[PDB]
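Report on the structure given below.
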Amino acid sequence: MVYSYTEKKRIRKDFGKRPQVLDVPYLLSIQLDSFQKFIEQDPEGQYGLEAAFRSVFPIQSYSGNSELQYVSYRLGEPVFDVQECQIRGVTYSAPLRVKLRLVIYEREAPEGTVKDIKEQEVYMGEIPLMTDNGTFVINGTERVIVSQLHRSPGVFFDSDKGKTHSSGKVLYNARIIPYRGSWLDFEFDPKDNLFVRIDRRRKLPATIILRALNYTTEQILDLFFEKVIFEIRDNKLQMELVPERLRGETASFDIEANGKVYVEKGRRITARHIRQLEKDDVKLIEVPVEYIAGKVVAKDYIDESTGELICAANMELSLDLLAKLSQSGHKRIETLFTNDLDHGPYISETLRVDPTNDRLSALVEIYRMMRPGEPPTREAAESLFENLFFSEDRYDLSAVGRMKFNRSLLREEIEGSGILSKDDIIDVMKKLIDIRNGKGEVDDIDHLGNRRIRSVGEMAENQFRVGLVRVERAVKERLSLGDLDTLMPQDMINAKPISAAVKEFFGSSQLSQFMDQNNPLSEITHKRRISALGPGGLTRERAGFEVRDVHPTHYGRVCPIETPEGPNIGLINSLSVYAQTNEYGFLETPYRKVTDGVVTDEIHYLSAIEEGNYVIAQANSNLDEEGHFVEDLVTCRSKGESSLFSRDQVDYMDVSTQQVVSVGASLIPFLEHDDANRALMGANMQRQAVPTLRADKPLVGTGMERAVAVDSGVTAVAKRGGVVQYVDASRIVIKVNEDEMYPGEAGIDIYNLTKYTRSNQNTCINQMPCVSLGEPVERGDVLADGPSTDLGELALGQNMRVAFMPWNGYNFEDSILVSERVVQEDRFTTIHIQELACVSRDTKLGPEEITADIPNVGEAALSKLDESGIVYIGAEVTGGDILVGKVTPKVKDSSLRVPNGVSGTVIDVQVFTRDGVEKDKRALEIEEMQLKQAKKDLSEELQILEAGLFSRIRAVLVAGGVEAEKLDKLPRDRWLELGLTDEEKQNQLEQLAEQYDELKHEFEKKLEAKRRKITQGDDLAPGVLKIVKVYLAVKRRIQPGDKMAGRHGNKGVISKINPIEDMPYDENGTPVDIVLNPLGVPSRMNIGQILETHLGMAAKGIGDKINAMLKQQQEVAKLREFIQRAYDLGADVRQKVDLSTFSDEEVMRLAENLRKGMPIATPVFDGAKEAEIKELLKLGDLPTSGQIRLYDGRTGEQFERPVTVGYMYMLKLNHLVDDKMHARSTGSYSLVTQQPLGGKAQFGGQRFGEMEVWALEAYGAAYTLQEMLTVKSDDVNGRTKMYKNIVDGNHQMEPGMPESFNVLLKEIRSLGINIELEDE
Amino acid sequence: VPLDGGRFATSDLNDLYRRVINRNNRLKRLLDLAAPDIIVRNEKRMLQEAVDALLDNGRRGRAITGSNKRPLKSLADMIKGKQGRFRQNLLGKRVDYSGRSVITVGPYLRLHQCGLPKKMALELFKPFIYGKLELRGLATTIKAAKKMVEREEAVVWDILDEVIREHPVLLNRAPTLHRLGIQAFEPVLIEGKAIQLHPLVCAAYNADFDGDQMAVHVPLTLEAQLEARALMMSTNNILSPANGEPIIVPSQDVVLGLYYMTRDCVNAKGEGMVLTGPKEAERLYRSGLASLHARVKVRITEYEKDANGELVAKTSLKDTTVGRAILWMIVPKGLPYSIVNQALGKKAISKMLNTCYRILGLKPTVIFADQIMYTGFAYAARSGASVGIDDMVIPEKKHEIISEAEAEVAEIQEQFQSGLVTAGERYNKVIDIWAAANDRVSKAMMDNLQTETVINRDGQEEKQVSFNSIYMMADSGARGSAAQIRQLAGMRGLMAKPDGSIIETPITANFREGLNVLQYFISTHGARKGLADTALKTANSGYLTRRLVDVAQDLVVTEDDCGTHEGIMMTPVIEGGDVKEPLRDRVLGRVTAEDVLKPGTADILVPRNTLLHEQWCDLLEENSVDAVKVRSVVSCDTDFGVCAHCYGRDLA
DNA sequence: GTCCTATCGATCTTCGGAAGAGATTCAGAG
DNA sequence: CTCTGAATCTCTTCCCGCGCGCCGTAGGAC
Ligand SMILES: [Zn+2]
């Protein structure tokens, strides 16, 4: 085992047992790998913009006799990178350029073109791009598009009991759902009549489709029914008997011949009867005419002489009909098999309901019912029918849709065309009829084998296709009417439809979620989020328990714990840890390939449908280190059912115990001991924690942090191995070792760490370094810790020392008692960065100005303002201070005053100004500062690179004519022709000299371009001239009313900041920080937080022993002696660490990083048992009970009986009180109705709902109601007269009449209604 | 209205009127120019459809829109609807002089007080402060008074402390299903920003303090203040209007303290001595010479009010515990000692409090409740009843009970392996055997929990009730009933599929032990089913409430006696064999319909129109009366109202 | 560029609501 | 031949607050 340098600082003790055979994959690959499939061109045009184009192009005008065809598309590089684009507020996108080849053919000649015009990649639109963190920048705002989950295209069969007519019976209905086209549903009437409908239109007979498919009633009957034959030879009407057709049914009539009678009238038929009959050659048998009368014929049979219909398809025969038709010369009669249980007449029943006759009749009826108000026509009914289900423009089964369809039809082949075929619909109907006969099973709609996941690279593709369809619609007409001679492909198309479509999708779609950048965990769990909502899906208000409830196939693919409880439980899901999306779009999960009696180290991915065909061993099964199941019989799940199976019968095994959970639940320790409700609450709350100021580490984790913090994209990660050369908390420069250095490149890699920057939740996301100058790093190591991360491990909150006890009721049932020490240590203080903008527009009366010469203001408020009229950076401000000196023409004192309540430090001011208007002085100063910084950055880059390059040149010049005097004589730049033989060293020198010249020119051009960009007058788009941005930093501490929470679903607002004296202290004098309530533990069944607390105590105890051994100058050999014992303790744990190889330098470093408690890992379902917790407590001098006796600080008495004390990891949730406390006396009033405004950002009052009115009426309070609904809110005249009296001290109201009511009257008086007040 | 920049916000009605005006002007222009009949007919149809879109947009074939398929709101749309005027601005309207904040529990408050932040008090009582600044003469007018208030001058805080002296504030939590969700409180200034709420009141609001926001409204006029103090004050709402049940039922933490204080142990420090009075007993505890659960003889004195209503003092020696003798110093001077001579729990205490309201009255009852809360909190803090993994006990026989029970299922499987049983019978035998095993496991676990305590009384071991933390939490009724401790220490038991089928293989583990992956996945079914049930039923409940209020809003008690003599006969509910509720519950608080007869013949017992209060209910239960006809609101013959005699007792 | 008129006056607006209530048709029904 | 059945049509309805946060006339003629 080898430990990486980032890992080789805190060797977290692990209590796992199973060896993790497959490491957790990249957690954001769900996004990128999808968008990667989108932007990349592919000769297999499918899955990309090339697929979208081929689905549209080539496009031709039939009247025009000329086409234009797509050639290729090349994507221009983004104009602005992520940082600049976010700062300025533009979108991060790329320009799309498409080669269109306009070919003009010639009339009276073959398609030999007169001329073809290939446009050089004409501009087509701007498509947004996915940043490497997996997010899109649309308007500076950073967005994440959730992957959607919906029903896969194909055919689905469903039936219900009670929901339809309640009469015991179930109605079977089949649906055909194309990927893009019209729905087609077949259904059975309660009287077994089969009908069809399109897009849930009116019911139409099913057979009409076959009439549309040009099938005669004879053809249909032959397709669907079986033939039973009667002959008029050797006897009157003998029957061809098929003995298997008679089984179970009572033989209700005589059948006897050839000696022995098989079955007489009135008896059933069994197998031995069938065998006797088969021996009897029952090809012809005697039946009475009555049995022959009940049949229905299969074919038309006309009078051969007169040529008139004597029998027709589906015509029911009778004795006289039989005699007549046989006399006419049709001696071989064929009838339909119509066994009630087996061969129902459903198609014939539809025939009886059919009012149509033939293909013309079918088309007429289809046209009339499809388009009321539209007259049918032979040439147009085809234009409707073919477009319905056979034309590519309005029908296309996707590849996955066709695969699922063929699977549903048990076809041998899955590669089929997207358009339906006659045999396809015939097979669908046949399966439907078989299901009606009961020879099949209905599918499950909410089964993961029927619902597939659409991601960004598919929804964006569909939106692009919609845009291209609109563009084709326009340009087909343009080419039909265009002269085709002066036209060029740029004239044919305009970007506007495509640009608008993609822009709307990426800006305001239902799935273009605004990112909740509260912390790295929120980012990851939002990027891997799965939604059943959105277009083409269901809605939060029209879904029932069926789709919400969990499913036996969710195992290994969807987290059953992390769902947003509330309005949309079960509709928004989080993808499991190991799950990945199949090629077709389904979710597949890896299972260990179990071979015979051994569990191999071979991972095969199984989908939701394949999993039923196997038997899967649970991941908790033990193996004998040879791969064999130690248990003779092992519990396994086969078809949703789970039960025991014998060894060497199982076929697969889950790859890890964490395969069932998601990252949010994976981070929670002791998840096995928590009731699922509290697990859900903890998982939901963990992503709401605000990044504290000094987040350090969790004492008890699950080891998932080492991945969640790395893959979040918020921590600076070493791209290549090397040695650190310089760090200044802003830029970490690494000397990447030559083993991975490009021969011509710099060989030195910068890392410009991001400092305090506002997040989507108004939090700071600065990254701080953790490596030291000269420290070696390897590729993938975390260099700089981001927010909520420290030393490469995710750390949302702080580990507080908590005790479980009632304390005078200040922890009453949700409340939390917090010692003053934790607020003295700045345990929970956090920075909030608010952004306030002061805009200025070129109004109709003249252009506005920003100036310190504002009218009607004294120098008191101007003290913070500068000579230009903007606050000096670093000035501390409070609510009401002027931050911007704007003036409006014709003058008015419109200026940005700080919003009430908030107060903090102004740390940034960016002023974006539209040019033409002169720039204010401070804008000039800020621009000059930016330009100086950019020039300094570029110059430092070039000069450090020049130093490295010149040093390399001198190193090359060491061998090959080294001359120290001639080398240090001249400046290093005049080394063009230094003394060196006619070898390849001079060639390397010339190569590096050309490289240096290229670096010179690149430095020059980049500097000039950057200067032009910064000096550019920023585009203030809608009639606006200048905007000034201000950023305020508020260092919010923790106060009563703030909300804290554990990881085990325990939450509550802190009720008192108890001073240090009043807190309980143990016999060592150490006071506890937080006093929790015990009664909440047994009620909500979240016992996990208890055990963790106990373990946490031991986790600190080890540290308490190390710190002393560090405080006391122990010799390292002894120190190591202790630490190794703390690591080798436990069962046969998976992790094994030998501290000997640490050379005592890494030992001392680890101790310096361990003296604050040894971090411990407790995997989700492979966690530490109580025995190991007791053993670890025994290693320290701590009590093995877990409970200690405490002393009340106020009275010095000892609490009766010991109490539980430990270190619980607590998180400050983002629901602090100062964002929610509000009160209104008098202020803004709404216009249409004079009721007060509503909200916090507006000075509004609380809404007095109808329930409150009912409650007031429940008491006898009438004056209270009258005041509350007339004076306080509605009566404009009254609420002033009340104001005067209250100031005057009269306390009397004049109610009048609520103005809103009068408005209602006008709304009714605006109609043809005369409603008015009355006197008497 | 304009928006940011030189543009005006789109108005729905304006566009409909514009369409109508344009179409009508076109029709007028044509009719002036004599357009052909076809054209004028088409214009008239378009005008009619435009008027249709203006009036009730949506009743047309398709609503018109000027955006991404967002139909325009019409006049009829604005009139009705959940966002319409009726339910948006008339029935419920936003009110000035109100605010909201996150609440927190202040145990020091009296029953009739609540703490509010100084900032919120200043921002709600602003005009009242002005009303003093002029009256004090400290400010010239409003112009200087507002400035001084902004200056937050230290004198302004004195003005606030004078204004807020006796001015009630209304507190209501959203939602407010019943009238007890809105109450008046006398405010007290608090430094912080959270609203200090009383513990005993939090039950009425259903207020968990896990970040729960709550709103305050300031009654301004004189009549509003008086109405708040007389009808909505906390101390005026001690009985629930839905049934004769107090709403000040002792909280979860307080009852734990009382249960811990009054419990008795076999052998304890300070046992068996004689105490001259309750006060001395307290001293002993605070000097540390005696244990709270020690058994002792203290001289008790109690007062009993005669039939006329004057207290009679009686003093005696009583065998009791030190905790009970200490608590007796709080119980008012009208109750028997037998109420406190027992280990009190959330049930046993409640009737106690109720008995006070039955005897002493409202004013003694409220102070007694406050003292009970104080004592409970203090002695629960002294208890330190922590909870730990050591307290969850797994009975040792459990492994055997499983090892046998599964084997029995094997036998039921063996029959299925031999064809000796049907498919369904195997299922319904296995599930029943598992249920019996679960019952055995639960009984063994409970027996072990209570038996885990055995103590030596000067010689030989003797068992007693268990001081186990979980056991005291469950037995006191605070939290964690038997179904909780059974899942925490017995076995989780059977589960159900989303289709409701009983799982053949129960969750044989308990949360103290680890649940495996499959067991947790099985539990997720029931967890999500319950969560979805809550999220879906929270809407139907509210809709039913709205229907009820809008069907019954008219009825008011508007007359004393209607004079009728009919009614409805009340009998105990006897169904499924034994009775499910007594006669007293039905008939208490109503008036008799006719003269109540003695059990037998020709002898009456109660007058024909007498209210059957508690004493007469006891008198009836003394006799063998099962059917009693009493007047009912349905039968009362009062026009456009309901007579008072039919409705009877006001339950609050 | 400004400012205009008009609003699928050559499409297909979504199929993942349930129910509950009338209102409106039809159907043997004499 | 309609009457007095069902059956098949359309319309109405769906808890309370509270916060974020974006997003918000269009194409065509002088
Ligand atoms: Zn009455």
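Going through the structure tokens in order, the chains are called A, B, and so on, while each chain numbers its residues from 1 and the ligands are numbered from 1 in the order shown.
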Item checked: Near-ligand residues for ligand 1, threshold 12 Å, only C-alpha atoms (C1' of nucleotides) and all ligand atoms, as a ChimeraX atom specification -> /B:556-567,590-593,609,630-648
Just the selected residues (N, CA and C atoms), exported as a JSON list (two decimals), in the first residue's frame, please.
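Output contents, as saved in selection02.json:
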[["chain", "number", "residue", "atom", "x", "y", "z"],
["B", 556, "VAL", "N", -75.15, 31.14, 14.34],
["B", 556, "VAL", "CA", -74.73, 31.85, 15.54],
["B", 556, "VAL", "C", -75.77, 31.59, 16.62],
["B", 557, "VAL", "N", -75.33, 31.50, 17.87],
["B", 557, "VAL", "CA", -76.26, 31.37, 18.98],
["B", 557, "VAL", "C", -76.93, 32.71, 19.21],
["B", 558, "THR", "N", -78.14, 32.87, 18.68],
["B", 558, "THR", "CA", -78.79, 34.17, 18.65],
["B", 558, "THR", "C", -80.07, 34.23, 19.47],
["B", 559, "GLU", "N", -80.31, 33.24, 20.33],
["B", 559, "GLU", "CA", -81.51, 33.25, 21.15],
["B", 559, "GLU", "C", -81.27, 32.38, 22.36],
["B", 560, "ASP", "N", -81.98, 32.67, 23.44],
["B", 560, "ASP", "CA", -81.76, 31.94, 24.69],
["B", 560, "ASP", "C", -82.41, 30.57, 24.65],
["B", 561, "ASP", "N", -83.73, 30.51, 24.53],
["B", 561, "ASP", "CA", -84.45, 29.25, 24.52],
["B", 561, "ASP", "C", -85.39, 29.20, 23.33],
["B", 562, "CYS", "N", -85.37, 28.12, 22.55],
["B", 562, "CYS", "CA", -86.36, 28.08, 21.44],
["B", 562, "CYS", "C", -87.69, 27.50, 21.94],
["B", 563, "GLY", "N", -87.70, 26.85, 23.11],
["B", 563, "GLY", "CA", -88.95, 26.36, 23.63],
["B", 563, "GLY", "C", -89.37, 24.99, 23.15],
["B", 564, "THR", "N", -88.58, 24.35, 22.28],
["B", 564, "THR", "CA", -88.94, 23.02, 21.81],
["B", 564, "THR", "C", -88.70, 21.99, 22.91],
["B", 565, "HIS", "N", -89.25, 20.80, 22.69],
["B", 565, "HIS", "CA", -89.12, 19.72, 23.66],
["B", 565, "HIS", "C", -88.61, 18.42, 23.04],
["B", 566, "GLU", "N", -88.28, 18.41, 21.76],
["B", 566, "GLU", "CA", -87.74, 17.23, 21.10],
["B", 566, "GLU", "C", -86.26, 17.11, 21.43],
["B", 567, "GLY", "N", -85.56, 16.24, 20.71],
["B", 567, "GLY", "CA", -84.14, 16.04, 20.95],
["B", 567, "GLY", "C", -83.69, 14.71, 20.35],
["B", 590, "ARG", "N", -74.89, 18.88, 27.80],
["B", 590, "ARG", "CA", -76.15, 19.16, 27.13],
["B", 590, "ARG", "C", -77.26, 19.36, 28.15],
["B", 591, "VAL", "N", -78.38, 19.90, 27.69],
["B", 591, "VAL", "CA", -79.56, 20.05, 28.52],
["B", 591, "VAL", "C", -80.49, 18.88, 28.25],
["B", 592, "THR", "N", -81.27, 18.51, 29.26],
["B", 592, "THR", "CA", -82.23, 17.43, 29.10],
["B", 592, "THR", "C", -83.33, 17.84, 28.13],
["B", 593, "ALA", "N", -83.81, 16.87, 27.35],
["B", 593, "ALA", "CA", -84.93, 17.16, 26.46],
["B", 593, "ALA", "C", -86.25, 17.17, 27.22],
["B", 609, "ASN", "N", -85.56, 20.49, 31.49],
["B", 609, "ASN", "CA", -84.66, 21.35, 30.71],
["B", 609, "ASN", "C", -83.47, 21.78, 31.56],
["B", 630, "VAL", "N", -81.80, 14.27, 24.77],
["B", 630, "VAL", "CA", -81.30, 15.62, 25.05],
["B", 630, "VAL", "C", -81.48, 16.48, 23.81],
["B", 631, "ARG", "N", -81.65, 17.78, 24.03],
["B", 631, "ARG", "CA", -81.88, 18.70, 22.93],
["B", 631, "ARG", "C", -80.63, 18.82, 22.07],
["B", 632, "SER", "N", -80.85, 18.98, 20.76],
["B", 632, "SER", "CA", -79.76, 19.05, 19.80],
["B", 632, "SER", "C", -79.97, 20.23, 18.86],
["B", 633, "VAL", "N", -78.85, 20.75, 18.35],
["B", 633, "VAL", "CA", -78.89, 21.95, 17.51],
["B", 633, "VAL", "C", -79.68, 21.71, 16.24],
["B", 634, "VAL", "N", -79.73, 20.46, 15.77],
["B", 634, "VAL", "CA", -80.46, 20.16, 14.54],
["B", 634, "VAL", "C", -81.96, 20.35, 14.75],
["B", 635, "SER", "N", -82.45, 19.97, 15.94],
["B", 635, "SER", "CA", -83.92, 19.99, 16.19],
["B", 635, "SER", "C", -84.42, 21.35, 16.69],
["B", 636, "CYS", "N", -83.51, 22.26, 17.06],
["B", 636, "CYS", "CA", -83.95, 23.53, 17.62],
["B", 636, "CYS", "C", -84.78, 24.30, 16.60],
["B", 637, "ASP", "N", -85.92, 24.82, 17.04],
["B", 637, "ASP", "CA", -86.82, 25.56, 16.16],
["B", 637, "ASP", "C", -86.60, 27.07, 16.35],
["B", 638, "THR", "N", -85.48, 27.53, 15.81],
["B", 638, "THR", "CA", -85.15, 28.95, 15.75],
["B", 638, "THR", "C", -84.87, 29.34, 14.31],
["B", 639, "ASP", "N", -85.53, 30.39, 13.84],
["B", 639, "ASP", "CA", -85.41, 30.80, 12.44],
["B", 639, "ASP", "C", -84.16, 31.64, 12.24],
["B", 640, "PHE", "N", -83.37, 31.28, 11.23],
["B", 640, "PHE", "CA", -82.16, 32.02, 10.87],
["B", 640, "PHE", "C", -81.20, 32.13, 12.05],
["B", 641, "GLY", "N", -81.06, 31.05, 12.80],
["B", 641, "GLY", "CA", -80.18, 31.04, 13.95],
["B", 641, "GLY", "C", -80.36, 29.77, 14.75],
["B", 642, "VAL", "N", -79.60, 29.69, 15.85],
["B", 642, "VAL", "CA", -79.65, 28.48, 16.72],
["B", 642, "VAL", "C", -79.87, 28.94, 18.17],
["B", 643, "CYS", "N", -80.81, 28.31, 18.87],
["B", 643, "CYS", "CA", -81.10, 28.61, 20.26],
["B", 643, "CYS", "C", -79.94, 28.18, 21.15],
["B", 644, "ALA", "N", -79.75, 28.89, 22.26],
["B", 644, "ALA", "CA", -78.59, 28.59, 23.15],
["B", 644, "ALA", "C", -78.82, 27.30, 23.93],
["B", 645, "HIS", "N", -80.07, 27.01, 24.29],
["B", 645, "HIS", "CA", -80.31, 25.86, 25.16],
["B", 645, "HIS", "C", -79.95, 24.55, 24.46],
["B", 646, "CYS", "N", -80.19, 24.46, 23.15],
["B", 646, "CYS", "CA", -79.85, 23.24, 22.43],
["B", 646, "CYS", "C", -78.35, 23.00, 22.42],
["B", 647, "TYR", "N", -77.57, 24.02, 22.09],
["B", 647, "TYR", "CA", -76.12, 23.85, 22.01],
["B", 647, "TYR", "C", -75.53, 23.49, 23.37],
["B", 648, "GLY", "N", -76.00, 24.14, 24.42],
["B", 648, "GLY", "CA", -75.62, 23.72, 25.76],
["B", 648, "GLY", "C", -74.29, 24.30, 26.17]]
message: Can you tell me, as a ChimeraX atom specification, which residues in region 104-296 of chain B count as strand (DSSP E) by DSSP?
response: /B:104-105,113-117,169-172,182-190,195-197,213-217,274-275,295-296
Students should find that CA of residue 129 (chain A) and CA of residue 526 (chain A) are spaced 18.1 Å
Inset, instruction - Excluding residue 246 (chain B) and any residue of its chain fewer than 6 positions from it, enumerate the residues within 10 Å of it, using only C-alpha atoms (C1' of nucleotides), and give them as a list in words. - result: residues 204, 237, 238, 239, 240, 350, 351, 353, 354, 357 and 652 of chain B
Worksheet item: Can you list every residue in region 120-291 of chain A that DSSP puts in alpha helix (DSSP H), as a ChimeraX atom specification?
Response: /A:207-212,217-224,271-280,289-291
Worksheet item: How many Å lie between CA of residue 374 (chain A) and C1' of residue 12 (chain C), rounded to one decimal?
Response: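 It comes out at 14.3 Å.
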I'd like the contact shell of residue 3 (chain C) - 10 Å cut-off, only C-alpha atoms (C1' of nucleotides), skipping same-chain residues fewer than 4 positions apart - returned as a list in words.
residues 28, 29 and 30 of chain D
Write a file of the just-selected residues containing C-alpha atoms (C1' of nucleotides), as an mmCIF file, in the first residue's frame.
data_model
loop_
_atom_site.group_PDB
_atom_site.id
_atom_site.type_symbol
_atom_site.label_atom_id
_atom_site.label_comp_id
_atom_site.auth_asym_id
_atom_site.auth_seq_id
_atom_site.Cartn_x
_atom_site.Cartn_y
_atom_site.Cartn_z
ATOM 1 C "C1'" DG D 28 -41.556 44.338 -41.151
ATOM 2 C "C1'" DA D 29 -41.358 48.811 -44.024
ATOM 3 C "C1'" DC D 30 -39.443 53.906 -44.849
#
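With only C-alpha atoms (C1' of nucleotides) as the atoms that count, the minimum distance from chain B to the choices D:18, D:23, D:1, D:9 is reached by D:18.
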With a distance threshold of 9 Å and counting only C-alpha atoms (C1' of nucleotides), extract the residues of chain A near chain C and express them as a list in words.
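Putting it all together, I get residues 150, 151, 182, 183, 199, 200, 533, 536, 537, 538, 539, 541, 542, 543, 544 and 547 of chain A.
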Can you list every residue of chain A that has an atom at most 9 Å from chain D, with its nearest atom pair and the distance in Å to one decimal, using only C-alpha atoms (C1' of nucleotides), ordered by chain then number, as CSV?
residue,atom,partner,partner_atom,distance
A:507,CA,D:22,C1',8.3
A:508,CA,D:23,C1',7.0
A:514,CA,D:21,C1',7.6
A:541,CA,D:14,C1',8.7
A:760,CA,D:21,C1',8.7
A:761,CA,D:20,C1',8.7
A:1219,CA,D:19,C1',8.9
A:1220,CA,D:19,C1',7.7
A:1239,CA,D:19,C1',8.3
A:1240,CA,D:19,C1',8.0
A:1246,CA,D:17,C1',9.0
A:1247,CA,D:17,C1',8.0
A:1249,CA,D:16,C1',7.9
A:1251,CA,D:16,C1',8.0
Next item on the list: Please provide the set of residues having any atom within 9 Å of region 512-520 of chain B, restricted to only C-alpha atoms (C1' of nucleotides), with same-chain residues fewer than 2 positions apart removed, written as a PyMOL selection string.
Entry: (chain A and resi 618-620+642+657-658+660+670-673+675-676+1087-1088+1165+1167+1169-1170) or (chain B and resi 389+392-394+487-489+506-510+522-524)
Any chance you could tabulate, as a tab-separated table, the residues of chain B at most 10 Å from chain C with each one's nearest atom pair and distance in Å to one decimal, using only C-alpha atoms (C1' of nucleotides), in chain and rising number order?
residue	atom	partner	partner_atom	distance
B:19	CA	C:6	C1'	9.8
B:62	CA	C:13	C1'	9.4
B:64	CA	C:7	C1'	9.0
B:65	CA	C:7	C1'	8.8
B:66	CA	C:7	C1'	7.8
B:69	CA	C:13	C1'	8.0
Same residues, N, CA, C and O atoms, saved as an mmCIF file, in the first residue's frame:
data_model
loop_
_atom_site.group_PDB
_atom_site.id
_atom_site.type_symbol
_atom_site.label_atom_id
_atom_site.label_comp_id
_atom_site.auth_asym_id
_atom_site.auth_seq_id
_atom_site.Cartn_x
_atom_site.Cartn_y
_atom_site.Cartn_z
ATOM 1 N N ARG B 19 -57.598 44.905 -28.733
ATOM 2 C CA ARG B 19 -58.091 44.031 -29.791
ATOM 3 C C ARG B 19 -59.542 44.346 -30.122
ATOM 4 O O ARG B 19 -59.917 44.455 -31.299
ATOM 5 N N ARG B 62 -59.728 28.396 -28.075
ATOM 6 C CA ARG B 62 -58.405 28.477 -27.479
ATOM 7 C C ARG B 62 -58.163 29.901 -27.008
ATOM 8 O O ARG B 62 -58.508 30.860 -27.699
ATOM 9 N N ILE B 64 -56.152 33.279 -26.233
ATOM 10 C CA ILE B 64 -55.115 34.026 -26.930
ATOM 11 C C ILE B 64 -53.996 34.343 -25.950
ATOM 12 O O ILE B 64 -54.204 34.410 -24.736
ATOM 13 N N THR B 65 -52.794 34.539 -26.485
ATOM 14 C CA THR B 65 -51.636 34.849 -25.658
ATOM 15 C C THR B 65 -50.671 35.721 -26.445
ATOM 16 O O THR B 65 -50.667 35.727 -27.678
ATOM 17 N N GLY B 66 -49.845 36.458 -25.708
ATOM 18 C CA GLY B 66 -48.825 37.291 -26.310
ATOM 19 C C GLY B 66 -47.434 36.906 -25.858
ATOM 20 O O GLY B 66 -46.495 37.702 -25.943
ATOM 21 N N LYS B 69 -47.168 30.885 -24.895
ATOM 22 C CA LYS B 69 -48.400 30.157 -24.593
ATOM 23 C C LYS B 69 -48.870 30.421 -23.164
ATOM 24 O O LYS B 69 -49.337 29.517 -22.468
#
Taking only C-alpha atoms (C1' of nucleotides) into account, find every residue of chain B that has an atom no more than 9 Å from chain D, and write it out as a VMD selection string. chain B and resid 9 to 10 66 to 67 173 to 177 213 537 to 543 545
